[PDB]
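run22.pdb (PDB, C-alpha atoms and all ligand atoms) appears below.
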MODEL        1
ATOM      1  CA  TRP A 550      -2.649 -16.538   4.885
ATOM      2  CA  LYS A 551      -5.695 -17.700   2.802
ATOM      3  CA  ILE A 552      -8.334 -20.480   3.337
ATOM      4  CA  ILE A 553      -9.729 -22.430   0.234
ATOM      5  CA  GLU A 554     -13.472 -23.263  -0.225
ATOM      6  CA  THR A 562     -10.957 -20.021  -5.014
ATOM      7  CA  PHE A 563     -10.295 -18.463  -1.544
ATOM      8  CA  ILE A 564     -12.727 -17.535   1.285
ATOM      9  CA  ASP A 565     -13.223 -13.794   1.982
ATOM     10  CA  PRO A 566     -12.332 -13.641   5.736
ATOM     11  CA  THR A 567     -14.243 -10.356   6.121
ATOM     12  CA  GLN A 568     -17.436 -12.364   5.540
ATOM     13  CA  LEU A 569     -16.723 -14.912   8.264
ATOM     14  CA  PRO A 570     -18.778 -14.586  11.494
ATOM     15  CA  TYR A 571     -17.412 -13.427  14.846
ATOM     16  CA  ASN A 572     -18.943 -15.681  17.509
ATOM     17  CA  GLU A 573     -19.422 -13.915  20.855
ATOM     18  CA  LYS A 574     -18.534 -17.145  22.705
ATOM     19  CA  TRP A 575     -15.025 -15.584  22.672
ATOM     20  CA  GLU A 576     -15.996 -12.232  24.187
ATOM     21  CA  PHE A 577     -14.142 -11.174  27.323
ATOM     22  CA  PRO A 578     -14.472  -7.912  29.304
ATOM     23  CA  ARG A 579     -11.564  -5.582  28.518
ATOM     24  CA  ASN A 580     -11.668  -4.256  32.104
ATOM     25  CA  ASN A 581     -10.476  -7.679  33.292
ATOM     26  CA  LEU A 582      -7.151  -7.378  31.488
ATOM     27  CA  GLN A 583      -4.170  -5.842  33.264
ATOM     28  CA  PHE A 584      -1.476  -5.054  30.739
ATOM     29  CA  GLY A 585       2.289  -5.490  31.076
ATOM     30  CA  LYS A 586       5.217  -5.219  28.697
ATOM     31  CA  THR A 587       5.033  -5.000  24.922
ATOM     32  CA  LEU A 588       6.211  -8.241  23.289
ATOM     33  CA  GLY A 589       6.337  -7.078  19.665
ATOM     34  CA  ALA A 590       5.283  -4.138  17.483
ATOM     35  CA  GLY A 591       4.919  -3.169  13.857
ATOM     36  CA  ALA A 592       3.844   0.110  12.276
ATOM     37  CA  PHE A 593       0.131  -0.285  13.081
ATOM     38  CA  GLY A 594      -0.200  -3.105  15.631
ATOM     39  CA  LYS A 595       1.426  -4.690  18.647
ATOM     40  CA  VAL A 596       1.275  -7.601  21.034
ATOM     41  CA  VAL A 597       1.302  -6.859  24.768
ATOM     42  CA  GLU A 598       1.402  -9.282  27.680
ATOM     43  CA  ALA A 599      -1.497  -9.116  30.151
ATOM     44  CA  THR A 600      -3.049 -10.898  33.063
ATOM     45  CA  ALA A 601      -6.599 -11.972  32.340
ATOM     46  CA  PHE A 602      -8.917 -12.399  35.318
ATOM     47  CA  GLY A 603     -11.566 -15.078  34.981
ATOM     48  CA  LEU A 604     -10.749 -16.248  31.427
ATOM     49  CA  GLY A 605     -12.551 -19.302  29.974
ATOM     50  CA  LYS A 606     -14.600 -22.174  31.396
ATOM     51  CA  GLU A 607     -12.357 -22.523  34.481
ATOM     52  CA  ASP A 608     -12.283 -18.760  35.219
ATOM     53  CA  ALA A 609      -8.511 -18.929  35.024
ATOM     54  CA  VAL A 610      -6.239 -16.044  36.137
ATOM     55  CA  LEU A 611      -3.232 -16.283  33.789
ATOM     56  CA  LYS A 612      -0.644 -14.509  31.654
ATOM     57  CA  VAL A 613      -1.935 -14.047  28.064
ATOM     58  CA  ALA A 614      -0.845 -12.131  24.982
ATOM     59  CA  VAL A 615      -3.041  -9.437  23.519
ATOM     60  CA  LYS A 616      -2.845  -8.333  19.901
ATOM     61  CA  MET A 617      -4.162  -4.820  19.281
ATOM     62  CA  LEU A 618      -3.822  -1.785  17.000
ATOM     63  CA  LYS A 619      -1.624   1.267  17.688
ATOM     64  CA  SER A 620      -2.920   4.862  17.403
ATOM     65  CA  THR A 621      -1.337   4.981  13.905
ATOM     66  CA  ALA A 622      -3.845   2.371  12.615
ATOM     67  CA  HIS A 623      -6.911   3.081  10.438
ATOM     68  CA  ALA A 624     -10.007   1.135   9.356
ATOM     69  CA  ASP A 625      -8.093  -1.189   6.973
ATOM     70  CA  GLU A 626      -5.862  -2.399   9.866
ATOM     71  CA  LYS A 627      -9.073  -2.841  12.067
ATOM     72  CA  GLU A 628     -10.476  -4.978   9.433
ATOM     73  CA  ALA A 629      -7.272  -7.014   9.124
ATOM     74  CA  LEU A 630      -7.181  -7.627  12.897
ATOM     75  CA  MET A 631     -10.846  -8.684  12.887
ATOM     76  CA  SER A 632     -10.040 -11.046   9.972
ATOM     77  CA  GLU A 633      -7.254 -12.609  11.994
ATOM     78  CA  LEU A 634      -9.615 -13.083  14.953
ATOM     79  CA  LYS A 635     -12.299 -14.692  12.745
ATOM     80  CA  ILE A 636      -9.827 -17.001  11.038
ATOM     81  CA  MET A 637      -8.318 -18.192  14.375
ATOM     82  CA  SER A 638     -11.877 -19.019  15.583
ATOM     83  CA  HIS A 639     -12.671 -20.722  12.241
ATOM     84  CA  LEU A 640      -9.551 -22.930  12.109
ATOM     85  CA  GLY A 641     -10.074 -24.357  15.586
ATOM     86  CA  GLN A 642      -7.497 -25.329  18.196
ATOM     87  CA  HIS A 643      -4.279 -27.399  18.042
ATOM     88  CA  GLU A 644      -1.309 -27.981  20.379
ATOM     89  CA  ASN A 645       1.176 -26.705  17.751
ATOM     90  CA  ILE A 646      -0.537 -23.443  16.733
ATOM     91  CA  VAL A 647      -0.853 -20.194  18.626
ATOM     92  CA  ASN A 648      -4.403 -20.513  19.987
ATOM     93  CA  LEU A 649      -7.117 -17.940  20.486
ATOM     94  CA  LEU A 650      -8.333 -17.538  24.081
ATOM     95  CA  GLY A 651     -10.749 -14.577  23.847
ATOM     96  CA  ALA A 652     -11.443 -11.199  22.302
ATOM     97  CA  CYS A 653     -12.727  -7.762  23.255
ATOM     98  CA  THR A 654     -14.871  -6.261  20.493
ATOM     99  CA  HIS A 655     -17.435  -4.219  22.483
ATOM    100  CA  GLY A 656     -16.793  -0.992  24.364
ATOM    101  CA  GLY A 657     -13.479  -0.005  22.792
ATOM    102  CA  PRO A 658     -10.715  -1.042  20.364
ATOM    103  CA  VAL A 659     -10.525  -4.655  19.218
ATOM    104  CA  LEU A 660      -8.274  -6.826  21.419
ATOM    105  CA  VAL A 661      -7.321 -10.351  20.397
ATOM    106  CA  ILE A 662      -6.328 -12.536  23.356
ATOM    107  CA  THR A 663      -4.036 -15.463  22.624
ATOM    108  CA  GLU A 664      -1.839 -17.905  24.471
ATOM    109  CA  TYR A 665       1.379 -16.467  25.841
ATOM    110  CA  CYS A 666       4.468 -18.487  24.905
ATOM    111  CA  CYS A 667       7.093 -17.923  27.567
ATOM    112  CA  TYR A 668      10.223 -18.664  25.459
ATOM    113  CA  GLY A 669       9.329 -16.319  22.568
ATOM    114  CA  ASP A 670      10.105 -16.865  18.898
ATOM    115  CA  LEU A 671      12.037 -19.931  17.776
ATOM    116  CA  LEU A 672      14.591 -17.972  15.726
ATOM    117  CA  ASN A 673      15.764 -15.794  18.598
ATOM    118  CA  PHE A 674      15.645 -18.837  20.874
ATOM    119  CA  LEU A 675      18.005 -20.826  18.657
ATOM    120  CA  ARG A 676      20.351 -17.875  18.213
ATOM    121  CA  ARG A 677      20.534 -17.141  21.972
ATOM    122  CA  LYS A 678      20.949 -20.850  22.851
ATOM    123  CA  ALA A 679      23.838 -21.213  20.363
ATOM    124  CA  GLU A 680      25.557 -18.275  22.063
ATOM    125  CA  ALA A 681      24.905 -19.765  25.519
ATOM    126  CA  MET A 682      26.331 -23.088  24.358
ATOM    127  CA  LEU A 683      29.567 -21.412  23.182
ATOM    128  CA  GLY A 684      29.772 -19.310  26.361
ATOM    129  CA  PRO A 685      31.973 -21.542  28.650
ATOM    130  CA  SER A 686      34.867 -21.636  26.156
ATOM    131  CA  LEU A 687      34.318 -17.963  25.292
ATOM    132  CA  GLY A 747      19.324 -24.881  31.207
ATOM    133  CA  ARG A 748      21.005 -27.695  29.297
ATOM    134  CA  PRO A 749      22.561 -27.531  25.792
ATOM    135  CA  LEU A 750      20.449 -28.345  22.740
ATOM    136  CA  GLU A 751      20.737 -31.851  21.363
ATOM    137  CA  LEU A 752      19.785 -33.142  17.906
ATOM    138  CA  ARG A 753      16.660 -34.629  19.400
ATOM    139  CA  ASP A 754      15.486 -31.153  20.437
ATOM    140  CA  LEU A 755      15.860 -29.844  16.870
ATOM    141  CA  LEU A 756      13.909 -32.868  15.631
ATOM    142  CA  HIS A 757      11.124 -32.205  18.165
ATOM    143  CA  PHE A 758      10.830 -28.521  17.142
ATOM    144  CA  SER A 759      10.703 -29.617  13.494
ATOM    145  CA  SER A 760       8.098 -32.304  14.184
ATOM    146  CA  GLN A 761       5.947 -29.910  16.240
ATOM    147  CA  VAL A 762       5.895 -27.229  13.534
ATOM    148  CA  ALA A 763       5.089 -29.899  10.926
ATOM    149  CA  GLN A 764       2.122 -31.070  13.012
ATOM    150  CA  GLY A 765       0.822 -27.502  13.307
ATOM    151  CA  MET A 766       1.211 -27.113   9.561
ATOM    152  CA  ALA A 767      -0.511 -30.450   8.866
ATOM    153  CA  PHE A 768      -3.393 -29.212  11.028
ATOM    154  CA  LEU A 769      -3.622 -25.908   9.125
ATOM    155  CA  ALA A 770      -3.416 -27.727   5.805
ATOM    156  CA  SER A 771      -6.220 -30.076   6.952
ATOM    157  CA  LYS A 772      -8.389 -26.944   7.368
ATOM    158  CA  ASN A 773      -7.558 -25.750   3.814
ATOM    159  CA  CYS A 774      -5.373 -22.952   5.271
ATOM    160  CA  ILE A 775      -2.367 -21.651   3.360
ATOM    161  CA  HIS A 776      -0.115 -19.818   5.812
ATOM    162  CA  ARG A 777       2.164 -17.888   3.320
ATOM    163  CA  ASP A 778       4.768 -16.802   5.958
ATOM    164  CA  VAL A 779       6.185 -20.035   7.365
ATOM    165  CA  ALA A 780       9.490 -19.062   8.995
ATOM    166  CA  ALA A 781      11.182 -19.593  12.381
ATOM    167  CA  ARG A 782      10.324 -15.985  13.250
ATOM    168  CA  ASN A 783       6.608 -16.963  13.223
ATOM    169  CA  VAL A 784       7.107 -19.993  15.478
ATOM    170  CA  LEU A 785       6.841 -19.570  19.263
ATOM    171  CA  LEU A 786       8.015 -21.840  22.071
ATOM    172  CA  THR A 787       5.802 -22.274  25.100
ATOM    173  CA  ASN A 788       6.089 -24.258  28.308
ATOM    174  CA  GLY A 789       8.107 -27.430  27.842
ATOM    175  CA  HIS A 790       9.712 -25.807  24.761
ATOM    176  CA  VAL A 791       6.711 -26.897  22.661
ATOM    177  CA  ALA A 792       6.649 -25.177  19.242
ATOM    178  CA  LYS A 793       3.606 -23.351  17.905
ATOM    179  CA  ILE A 794       3.141 -21.804  14.450
ATOM    180  CA  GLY A 795       1.333 -18.497  14.147
ATOM    181  CA  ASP A 796       1.745 -15.146  12.412
ATOM    182  CA  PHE A 797       2.799 -11.911  14.092
ATOM    183  CA  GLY A 798       1.086 -10.121  11.210
ATOM    184  CA  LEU A 799       0.534  -6.450  12.089
ATOM    185  CA  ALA A 800       2.655  -6.826  15.220
ATOM    186  CA  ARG A 801       5.716  -7.343  13.043
ATOM    187  CA  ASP A 802       7.681  -4.213  11.722
ATOM    188  CA  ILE A 803       8.001  -5.516   8.159
ATOM    189  CA  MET A 804       8.937  -2.068   6.756
ATOM    190  CA  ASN A 805      12.333  -2.080   8.515
ATOM    191  CA  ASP A 806      12.939  -5.854   8.434
ATOM    192  CA  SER A 807      15.709  -7.093   6.096
ATOM    193  CA  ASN A 808      13.855 -10.433   5.680
ATOM    194  CA  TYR A 809      10.991  -8.739   3.795
ATOM    195  CA  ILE A 810      11.928  -7.411   0.355
ATOM    196  CA  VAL A 811      10.106  -4.908  -1.851
ATOM    197  CA  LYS A 812       8.580  -6.798  -4.735
ATOM    198  CA  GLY A 813       5.908  -4.694  -6.433
ATOM    199  CA  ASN A 814       3.507  -3.060  -3.979
ATOM    200  CA  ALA A 815       4.230  -5.661  -1.336
ATOM    201  CA  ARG A 816       6.960  -6.502   1.237
ATOM    202  CA  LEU A 817       7.470 -10.228   0.844
ATOM    203  CA  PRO A 818       9.631 -12.870   2.600
ATOM    204  CA  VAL A 819      11.172 -13.782  -0.839
ATOM    205  CA  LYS A 820      14.024 -16.005   0.671
ATOM    206  CA  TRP A 821      11.325 -18.246   2.167
ATOM    207  CA  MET A 822       9.091 -18.289  -0.902
ATOM    208  CA  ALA A 823       8.588 -21.011  -3.547
ATOM    209  CA  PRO A 824       9.541 -19.945  -7.117
ATOM    210  CA  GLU A 825       5.860 -20.257  -8.272
ATOM    211  CA  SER A 826       4.886 -17.821  -5.471
ATOM    212  CA  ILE A 827       7.535 -15.286  -6.584
ATOM    213  CA  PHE A 828       6.992 -15.585 -10.404
ATOM    214  CA  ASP A 829       3.209 -16.414 -10.644
ATOM    215  CA  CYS A 830       1.889 -15.095  -7.245
ATOM    216  CA  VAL A 831       0.495 -18.627  -6.657
ATOM    217  CA  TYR A 832       0.199 -19.695  -2.997
ATOM    218  CA  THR A 833      -0.746 -23.293  -2.157
ATOM    219  CA  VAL A 834      -0.130 -25.798   0.623
ATOM    220  CA  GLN A 835       2.740 -26.993  -1.601
ATOM    221  CA  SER A 836       4.319 -23.538  -1.470
ATOM    222  CA  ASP A 837       4.036 -23.653   2.327
ATOM    223  CA  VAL A 838       6.022 -26.910   2.162
ATOM    224  CA  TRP A 839       8.806 -25.078   0.307
ATOM    225  CA  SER A 840       8.837 -22.476   3.071
ATOM    226  CA  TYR A 841       8.878 -25.226   5.670
ATOM    227  CA  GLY A 842      12.019 -26.580   4.028
ATOM    228  CA  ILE A 843      13.621 -23.168   4.508
ATOM    229  CA  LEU A 844      12.418 -23.230   8.169
ATOM    230  CA  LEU A 845      14.125 -26.629   8.558
ATOM    231  CA  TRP A 846      17.347 -25.040   7.262
ATOM    232  CA  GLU A 847      16.959 -22.284   9.854
ATOM    233  CA  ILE A 848      16.490 -24.882  12.618
ATOM    234  CA  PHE A 849      19.436 -27.100  11.677
ATOM    235  CA  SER A 850      21.739 -24.098  11.247
ATOM    236  CA  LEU A 851      20.646 -22.740  14.681
ATOM    237  CA  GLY A 852      19.194 -19.646  13.036
ATOM    238  CA  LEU A 853      21.418 -18.563  10.181
ATOM    239  CA  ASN A 854      19.816 -16.291   7.604
ATOM    240  CA  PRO A 855      18.828 -18.224   4.442
ATOM    241  CA  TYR A 856      21.025 -17.794   1.354
ATOM    242  CA  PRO A 857      23.541 -16.023   3.611
ATOM    243  CA  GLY A 858      25.349 -13.112   2.031
ATOM    244  CA  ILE A 859      23.329 -13.303  -1.205
ATOM    245  CA  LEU A 860      21.554 -10.160  -2.430
ATOM    246  CA  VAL A 861      17.947 -10.539  -3.626
ATOM    247  CA  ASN A 862      18.046  -9.393  -7.254
ATOM    248  CA  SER A 863      17.138 -10.822 -10.672
ATOM    249  CA  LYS A 864      20.128 -13.173 -10.546
ATOM    250  CA  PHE A 865      18.929 -14.667  -7.175
ATOM    251  CA  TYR A 866      15.422 -14.977  -8.658
ATOM    252  CA  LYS A 867      16.806 -16.845 -11.726
ATOM    253  CA  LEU A 868      19.145 -19.018  -9.619
ATOM    254  CA  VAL A 869      16.313 -20.349  -7.492
ATOM    255  CA  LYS A 870      14.006 -20.909 -10.506
ATOM    256  CA  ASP A 871      16.935 -22.830 -12.122
ATOM    257  CA  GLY A 872      17.218 -25.151  -9.132
ATOM    258  CA  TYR A 873      19.839 -23.579  -6.829
ATOM    259  CA  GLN A 874      19.567 -24.896  -3.278
ATOM    260  CA  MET A 875      21.287 -23.971  -0.042
ATOM    261  CA  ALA A 876      24.045 -26.352   1.122
ATOM    262  CA  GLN A 877      23.615 -28.787   4.047
ATOM    263  CA  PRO A 878      23.531 -26.863   7.353
ATOM    264  CA  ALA A 879      26.076 -27.691   9.984
ATOM    265  CA  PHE A 880      23.740 -29.668  12.287
ATOM    266  CA  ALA A 881      21.439 -31.443   9.815
ATOM    267  CA  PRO A 882      21.804 -35.235   9.562
ATOM    268  CA  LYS A 883      21.885 -36.368   5.945
ATOM    269  CA  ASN A 884      18.249 -37.501   5.889
ATOM    270  CA  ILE A 885      17.063 -34.112   7.292
ATOM    271  CA  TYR A 886      18.977 -32.324   4.533
ATOM    272  CA  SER A 887      17.343 -34.741   2.064
ATOM    273  CA  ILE A 888      13.870 -33.833   3.262
ATOM    274  CA  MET A 889      14.793 -30.111   2.902
ATOM    275  CA  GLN A 890      15.835 -30.831  -0.645
ATOM    276  CA  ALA A 891      12.543 -32.640  -1.243
ATOM    277  CA  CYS A 892      10.597 -29.576   0.007
ATOM    278  CA  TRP A 893      12.535 -27.578  -2.611
ATOM    279  CA  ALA A 894      11.431 -29.634  -5.595
ATOM    280  CA  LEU A 895      10.702 -27.241  -8.439
ATOM    281  CA  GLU A 896       7.586 -29.223  -9.345
ATOM    282  CA  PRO A 897       5.135 -28.503  -6.475
ATOM    283  CA  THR A 898       3.328 -31.873  -6.679
ATOM    284  CA  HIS A 899       6.666 -33.647  -6.151
ATOM    285  CA  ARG A 900       7.231 -32.070  -2.725
ATOM    286  CA  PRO A 901       6.238 -34.061   0.371
ATOM    287  CA  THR A 902       2.963 -33.354   2.064
ATOM    288  CA  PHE A 903       2.908 -32.111   5.643
ATOM    289  CA  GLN A 904       1.557 -35.497   6.726
ATOM    290  CA  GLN A 905       4.549 -37.241   5.100
ATOM    291  CA  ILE A 906       6.891 -34.827   6.869
ATOM    292  CA  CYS A 907       5.136 -35.490  10.192
ATOM    293  CA  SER A 908       5.336 -39.259   9.773
ATOM    294  CA  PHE A 909       9.041 -39.080   8.974
ATOM    295  CA  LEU A 910       9.962 -36.610  11.734
ATOM    296  CA  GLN A 911       7.924 -38.387  14.438
ATOM    297  CA  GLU A 912       9.986 -41.512  13.758
ATOM    298  CA  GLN A 913      13.262 -39.565  13.735
ATOM    299  CA  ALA A 914      12.420 -37.611  16.923
ATOM    300  CA  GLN A 915      11.293 -40.738  18.792
ATOM    301  CA  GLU A 916      14.635 -42.549  18.971
TER     302      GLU A 916
HETATM  303  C1  LIG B1001       3.382 -15.871  16.165
HETATM  304  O1  LIG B1001       2.026 -15.666  15.882
HETATM  305  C2  LIG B1001       1.200 -15.073  16.806
HETATM  306  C3  LIG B1001       1.660 -14.484  17.977
HETATM  307  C4  LIG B1001       0.816 -13.874  18.897
HETATM  308  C5  LIG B1001       1.395 -13.334  20.180
HETATM  309  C6  LIG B1001       2.903 -13.030  20.423
HETATM  310  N1  LIG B1001       2.882 -14.042  21.498
HETATM  311  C7  LIG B1001       3.701 -14.429  22.491
HETATM  312  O2  LIG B1001       3.366 -15.298  23.266
HETATM  313  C8  LIG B1001       5.094 -13.850  22.594
HETATM  314  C9  LIG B1001       5.866 -14.119  23.709
HETATM  315  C10 LIG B1001       7.140 -13.588  23.803
HETATM  316  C11 LIG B1001       7.962 -13.886  25.036
HETATM  317  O3  LIG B1001       9.334 -13.872  24.740
HETATM  318  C12 LIG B1001      10.106 -14.004  25.917
HETATM  319  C13 LIG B1001      11.571 -14.222  25.545
HETATM  320  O4  LIG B1001      12.053 -13.129  24.825
HETATM  321  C14 LIG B1001      12.416 -14.424  26.812
HETATM  322  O5  LIG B1001      13.588 -15.111  26.436
HETATM  323  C15 LIG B1001       7.621 -12.804  22.767
HETATM  324  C16 LIG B1001       6.811 -12.574  21.670
HETATM  325  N2  LIG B1001       5.573 -13.078  21.579
HETATM  326  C17 LIG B1001       1.582 -14.561  21.110
HETATM  327  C18 LIG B1001      -0.541 -13.884  18.656
HETATM  328  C19 LIG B1001      -1.027 -14.460  17.487
HETATM  329  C20 LIG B1001      -0.168 -15.061  16.560
HETATM  330  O6  LIG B1001      -0.726 -15.617  15.451
HETATM  331  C21 LIG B1001      -2.097 -15.958  15.399
HETATM  332  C22 LIG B1001      -2.353 -16.791  14.161
HETATM  333  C23 LIG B1001      -2.442 -18.172  14.283
HETATM  334  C24 LIG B1001      -2.676 -18.945  13.160
HETATM  335  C25 LIG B1001      -2.817 -18.318  11.912
HETATM  336  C26 LIG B1001      -3.039 -19.148  10.681
HETATM  337  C27 LIG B1001      -2.266 -18.848   9.414
HETATM  338  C28 LIG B1001      -3.749 -18.522   9.500
HETATM  339  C29 LIG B1001      -2.691 -16.963  11.795
HETATM  340  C30 LIG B1001      -2.460 -16.190  12.922
HETATM  341 MG    MG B1002     -14.862 -22.857  38.209
HETATM  342 MG    MG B1003     -16.562 -16.904  33.893
ENDMDL
END
When written as structure tokens, how does the structure in this file appear?
Ligand SMILES: COc1cc(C2CN(C(=O)c3cc(COC[C@@H](O)CO)ccn3)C2)ccc1OCc1ccc(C2CC2)cc1
Ligand SMILES: [Mg+2]
Ligand SMILES: [Mg+2]
Amino acid sequence: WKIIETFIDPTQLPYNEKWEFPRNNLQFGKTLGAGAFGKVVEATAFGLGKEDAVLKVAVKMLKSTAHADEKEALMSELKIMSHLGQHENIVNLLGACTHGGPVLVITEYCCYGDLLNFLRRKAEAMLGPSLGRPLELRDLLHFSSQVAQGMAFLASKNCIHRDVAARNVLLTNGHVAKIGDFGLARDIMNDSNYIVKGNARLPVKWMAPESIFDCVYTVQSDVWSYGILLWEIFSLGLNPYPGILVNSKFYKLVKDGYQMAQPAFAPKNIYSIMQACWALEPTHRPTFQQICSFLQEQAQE
């Protein structure tokens, strides 16, 4: 992710101690996710926030394999979450522990986990009787609308996400979707969705051609990625470009205008908005506000 002012150096942002929470008032539980150098662990926080709440939270932290560069990355994430401010459809910051030990970033806990796994498990549950309630089209529209609203919020704050994907969306109480980024708490090195391109491990099947070829990241490239996310939703969590190897031919195909076919559960106008997100000319793609407008109408019927 990057925020525009040229981009802002997140290392230079301020940490405001309004967020500080005593680490001794966390009681940790199970690990929710881990990468090479970082992890997210559930905890109970005692006396968190204005209301001195006692609640289940998620805590992002470094593993013993981390060094100073990963400390700095986690601090950058903390500062950017504080800078962007709060929204219903993002993963919100609740606190941090920066004094007296390793940096802990306390966020909302989202009881249904990531959207991709949720859709995959739900599909299996829905096939189970032949082989709570089932998903309906309206649910898929609500998830889509919710992520779009989170993205419109981020875009309104000059934030470019750069890893929009169902795997970075969580579902909380009421199955409300929230966009975030697992970041260091994701094991990208062993994840088939991140491909070696140069020095970096990149989610190439989600990426706009201008991001792949010219390393340009804009809000318009996030819209491309959102189109791919829509395809994930309306396929109930198929892998994009299924069965296709990422090589120079895939790279050329997408630059030449190849698009995935309509997923099984997309109405025609949802497939059309996917296609619109995949316009080769970035300025021809919809904005997140246009997507929100459209999806709010579709979801409220
Ligand atoms: C996904 O992103 C984040 C996640 C987090 C953590 C991970 N959490 C969870 O709540 C959670 C819950 C479950 C439960 O699963 C139970 C099921 O398996 C049972 O069926 C599984 C995995 N994770 C929040 C923090 C910051 C996160 O991102 C912070 C962030 C927010 C905005 C930005 C913008 C782009 C700059 C960057 C980073
Ligand atoms: Mg009180
Ligand atoms: Mg208090």
Shell around stretch 591-608 of chain A at 8 Å using all atoms listed in the file, local window under 6 positions removed, as a ChimeraX atom specification: /A:577,581-585,614-622,626,650-651,665,799-804
Result set of the PyMOL selection byres (((chain A and resi 658) around 10) and not hetatm) on the coordinates above, as a ChimeraX atom specification: /A:579,617-619,627,653-657,659-661
At most 6 Å from ligand LIG 1001 (chain B) (all atoms listed in the file): residue list as a PyMOL selection string: chain A and resi 550+588-589+596+614+637+647+663-669+776+783-785+795-797
The PyMOL selection byres (((chain A and resi 751-756) around 8) and not hetatm) applied to the shown file, residues as a ChimeraX atom specification: /A:749-750,757-760,848-849,880,910,913-914
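With only C-alpha atoms taken into account, the protein and nucleic acid residues at most 10 Å from residue A:793 (excluding it and anything under 4 positions from it in its own chain) are residues 643, 644, 645, 646, 647, 648, 666, 670, 671, 758, 761, 762, 763, 764, 765, 766, 783, 784, 785, 786 and 787 of chain A.
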Hits of the PyMOL selection byres (((chain A and resi 809) around 12) and not hetatm) in this structure, as a ChimeraX atom specification: /A:778,780,782,801-808,810-812,815-822,861
Interatomic distance, atom CA of residue A:569 to atom CA of residue A:641 (Å, one decimal):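 Atom CA of residue A:641 lies at a distance of 13.7 Å from atom CA of residue A:569.
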Tell me, as a CSV table (one decimal) with C-alpha atoms, keeping the file's coordinate frame, which residues lie within 10 Å of residue A:678, counting all atoms listed in the file; anything in the same chain fewer than 4 positions away does not count.
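Here's the written file selection.csv:
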chain,number,residue,atom,x,y,z
A,672,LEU,CA,14.6,-18.0,15.7
A,673,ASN,CA,15.8,-15.8,18.6
A,674,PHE,CA,15.6,-18.8,20.9
A,682,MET,CA,26.3,-23.1,24.4
A,683,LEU,CA,29.6,-21.4,23.2
A,684,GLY,CA,29.8,-19.3,26.4
A,747,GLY,CA,19.3,-24.9,31.2
A,748,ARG,CA,21.0,-27.7,29.3
A,749,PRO,CA,22.6,-27.5,25.8
A,750,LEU,CA,20.4,-28.3,22.7
A,851,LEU,CA,20.6,-22.7,14.7
Computed interatomic separation between atom CA of residue A:792 and atom CA of residue A:675 (Å):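 Between atom CA of residue A:792 and atom CA of residue A:675 the gap works out to 12.2 Å.
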Could you please give me, as a PDB file with C-alpha atoms, in the coordinates of the input, the residues of protein, DNA or RNA lying at most 9 Å from (4.2, -32.9, 1.9) in the coordinate frame of the file, considering only C-alpha atoms?
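In the end it all went to selection32.pdb:
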ATOM      1  CA  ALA A 767      -0.511 -30.450   8.866  1.00  0.00           C
ATOM      2  CA  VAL A 834      -0.130 -25.798   0.623  1.00  0.00           C
ATOM      3  CA  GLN A 835       2.740 -26.993  -1.601  1.00  0.00           C
ATOM      4  CA  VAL A 838       6.022 -26.910   2.162  1.00  0.00           C
ATOM      5  CA  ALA A 891      12.543 -32.640  -1.243  1.00  0.00           C
ATOM      6  CA  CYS A 892      10.597 -29.576   0.007  1.00  0.00           C
ATOM      7  CA  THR A 898       3.328 -31.873  -6.679  1.00  0.00           C
ATOM      8  CA  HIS A 899       6.666 -33.647  -6.151  1.00  0.00           C
ATOM      9  CA  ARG A 900       7.231 -32.070  -2.725  1.00  0.00           C
ATOM     10  CA  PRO A 901       6.238 -34.061   0.371  1.00  0.00           C
ATOM     11  CA  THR A 902       2.963 -33.354   2.064  1.00  0.00           C
ATOM     12  CA  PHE A 903       2.908 -32.111   5.643  1.00  0.00           C
ATOM     13  CA  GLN A 904       1.557 -35.497   6.726  1.00  0.00           C
ATOM     14  CA  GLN A 905       4.549 -37.241   5.100  1.00  0.00           C
ATOM     15  CA  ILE A 906       6.891 -34.827   6.869  1.00  0.00           C
ATOM     16  CA  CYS A 907       5.136 -35.490  10.192  1.00  0.00           C
TER      17      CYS A 907
END
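Reported to one decimal place, the separation of atom CA of residue A:866 from atom CA of residue A:839 is 15.0 Å.
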Could the centre and edge lengths of an axis-aligned box, enclosing all atoms of stretch 678-748 of chain A in the file with 6 Å extra on each side, be given in Å to one decimal as AutoDock Vina command-line options?
--center_x 27.1 --center_y -22.8 --center_z 25.8 --size_x 27.5 --size_y 21.7 --size_z 22.8
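Nearest to residue A:847 of all the residues A:824, A:872, A:566, A:878 is A:878, based on only C-alpha atoms.
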Proximity to residue A:909 - best of A:879, A:636, A:894, A:885, only C-alpha atoms: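 Using only C-alpha atoms, the shortest distance to residue A:909 belongs to A:885.
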Selected residue of minimal separation from residue A:856 among A:887, A:562, A:877, A:568, counting all atoms listed in the file: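 Under the stated criterion, the closest residue is A:877.
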Selected residue of minimal separation from ligand MG 1003 (chain B) among A:886, A:578, A:823, A:631, counting all atoms listed in the file: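 Counting all atoms listed in the file, the residue closest to ligand MG 1003 (chain B) is A:578.
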